[PDB]
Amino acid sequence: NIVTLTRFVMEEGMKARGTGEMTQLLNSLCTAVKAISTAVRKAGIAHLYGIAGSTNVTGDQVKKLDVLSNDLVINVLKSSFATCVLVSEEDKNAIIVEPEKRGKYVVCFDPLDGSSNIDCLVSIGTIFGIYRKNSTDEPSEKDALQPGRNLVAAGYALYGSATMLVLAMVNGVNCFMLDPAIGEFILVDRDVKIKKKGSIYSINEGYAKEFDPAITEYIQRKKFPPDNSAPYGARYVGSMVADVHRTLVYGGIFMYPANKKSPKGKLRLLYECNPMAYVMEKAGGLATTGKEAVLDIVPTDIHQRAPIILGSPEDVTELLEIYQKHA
């Protein structure tokens, strides 16, 4: 049979005996992601350039792809009636949902990732993490500060050569490809497992001068293998979603470690590291700061950063072992 994202989530909610709130949430996400894909692919851009004159906004307003993404996600999530607290990359403070629209889930998200790659048309995406509320207190920032291990669902949307949504939950990672002709996400890879060992490494080598000793040592070894085999190939798109996705599907390792300008690391823990690290773990892969598991860090700031190394298990441990050795 053919499986659509919409039938998959519903069949998994039925199996789980869920009241449906989460199903409704995911169905929301799936609508938000299409809305975002269409905007990213520039449908309707002729109207910006005056195809029908300029009568159309008497108001002075037109939205950055960034702002619009954020609007779509917030409104679409709020509409699902399934969330109490949202955390966006774009808001300094957690968003507490009005009581009349309040459900039991906490969503951390990057509405659009890969922003240095927007104006040059390289791939970008959306990264999301879902938790259930613990407390019985009035929902607050506190509810979003959970460690990754606690995620109920996570994944991302990539807008590349085509659009793909990847969803991880307790029983695995599935990839669904968007068919833009009918607006339906089609299950295309089931229960995805990352290769033990890859042949690609992905890091911004422009910080070479600022890497700690173990990265430097590891990078060296990718380029001059001591066993004299073939060097890993390099790839670094510049968009976390794209490098992470290539990593899942081809294997290899992706790195964003601490440097001079970011000594805690660049990437955000709540709506960048955590979700990607959850996906990576359901698929049999690893995600470490180099010192601890990423999913085990208990955050204290919704916008806190962390270094991350993620990918194939043999490659990431190879790197961990360099760290262990150096210490």
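Just count from 1 along the sequence shown to find any residue number.
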(request) Identify the stretch, either 193-201 or 242-250, whose C-alpha atoms have the larger mean B-factor according to the entry. (result) 193-201
(request) On mean C-alpha B-factor from the PDB entry, just flag whether 221-229 or 162-170 is the higher one. (result) 221-229
(request) For the C-alpha B-factor as written in the entry, point me to the maximum among 53, 285, 275, 44. (result) 53
(request) Name the one of 65, 26, 295, 35 with the greatest CA B-factor according to the PDB entry. (result) 65
(request) Divide the modelled residues of the chain into thirds by Cα B-factor and specify which third, lowest, middle or highest, holds residue 289. (result) middle
(message) Ranking the modelled residues of this chain by C-alpha B-factor as given in the entry, is residue 58 in the lowest, middle or highest third?
(response) highest
(request) Would you check the entry's CA temperature factor for residue 73 and let me know if it's in the chain's lowest, middle or highest third? (result) middle
(message) Ranking every modelled residue in this chain by its Cα temperature factor as given in the entry, which third contains residue 132?
(response) highest
(message) When the deposited Cα B-factors of this chain's modelled residues are ordered and cut into thirds, is residue 207 in the lowest, the middle or the highest one?
(response) middle
